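J.: Here it is: the structure, laid out below.
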Amino acid sequence: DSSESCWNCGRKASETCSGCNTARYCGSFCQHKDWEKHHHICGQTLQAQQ
Amino acid sequence: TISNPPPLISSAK
Ligand SMILES: [Zn+2]
Ligand SMILES: [Zn+2]
């Protein structure tokens, strides 16, 4: 276990964040729950220059 | 209270 696991729940996930193609979630609610934290990462390229 | 994140992609083989 390492790639197959909900970033929010903490058990298992079958969906993947099409935005960064890195996040995983089992339900629309799961992605929103961690969204607050995940969104800081999602999109790649940290907000620094311009 | 946050924007709307991109859509989710379900994978399965
Ligand atoms: Zn979940
Ligand atoms: Zn993402």
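Naming works like this for the structure tokens: A, B, ... for the chains as they're shown, residue 1 at the start of each chain, ligands 1 onward in shown order.
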Residues near region 4-11 of chain B, anyone? I mean within 9 Å using only C-alpha atoms, not counting same-chain ones fewer than 3 positions away, as a list in words.

T.: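 Contacts, with the query itself left out: residues 14, 15, 16, 17, 18, 19, 20, 21, 24, 25, 26, 27, 28, 31, 32, 35, 39 and 42 of chain A.
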
J.: Which residues are near residue 9 (chain A)? Cut-off 8 Å, only C-alpha atoms, ignore same chain within fewer than 2 positions. Put them as a PyMOL selection string.

T.: chain A and resi 6-7+11-12+25+30

J.: What is the atom 1 (Zn, counted along the ligand's line) of ligand 2-CA of residue 22 (chain A) distance in Å, reported with one decimal?

T.: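 Here the two named atoms are 6.1 Å from each other.
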
J.: Run DSSP on the backbone and grab whatever in chain A lands in strand (DSSP E or B); send it over as a PyMOL selection string.

T.: chain A and resi 15-17+24-25

J.: Selection from above, N, CA and C atoms, as a PDB file, in the first residue's frame, can you write it?

T.:
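Saved as again-v4.pdb:
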```
ATOM      1  N   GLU A  15     -10.370   7.129  -7.314  1.00  0.00           N
ATOM      2  CA  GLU A  15     -10.383   8.286  -8.206  1.00  0.00           C
ATOM      3  C   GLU A  15      -9.056   9.031  -8.127  1.00  0.00           C
ATOM      4  N   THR A  16      -8.753   9.794  -9.169  1.00  0.00           N
ATOM      5  CA  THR A  16      -7.503  10.541  -9.230  1.00  0.00           C
ATOM      6  C   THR A  16      -7.738  11.991  -9.648  1.00  0.00           C
ATOM      7  N   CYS A  17      -7.019  12.904  -9.008  1.00  0.00           N
ATOM      8  CA  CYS A  17      -7.141  14.323  -9.316  1.00  0.00           C
ATOM      9  C   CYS A  17      -6.576  14.612 -10.706  1.00  0.00           C
ATOM     10  N   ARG A  24      -5.431  11.419  -5.010  1.00  0.00           N
ATOM     11  CA  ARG A  24      -6.364  10.307  -5.136  1.00  0.00           C
ATOM     12  C   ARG A  24      -7.495  10.441  -4.120  1.00  0.00           C
ATOM     13  N   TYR A  25      -8.707  10.087  -4.533  1.00  0.00           N
ATOM     14  CA  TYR A  25      -9.868  10.167  -3.652  1.00  0.00           C
ATOM     15  C   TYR A  25     -10.918   9.137  -4.055  1.00  0.00           C
TER      16      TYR A  25
END
```

J.: Using only C-alpha atoms and all ligand atoms, which of the listed residues (A:23, A:3, A:45, A:13) sits closest to ligand 2?

T.: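 The closest residue to ligand 2 is A:23.
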
J.: Report, in Å with one decimal, the straight-line distance from CA of residue 4 (chain A) to CA of residue 29 (chain A).

T.: 17.4 Å

J.: Using DSSP on the backbone coordinates, identify all residues within chain A classified as helix (DSSP H, G or I); present the result as a list in words.

T.: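 Everything in chain A that counts as helix (DSSP H, G or I) is residues 28, 29, 30, 31, 32, 33, 34, 35, 36, 37, 38, 39, 40 and 41 of chain A.
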
J.: Between CA of residue 38 (chain A) and CA of residue 8 (chain A), what is the distance, to one decimal in Å?

T.: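 It comes out at 9.5 Å.
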
J.: Looking at A:41, A:1, A:36, A:49, which one is nearest to chain B, with distances taken over only C-alpha atoms?

T.: A:36
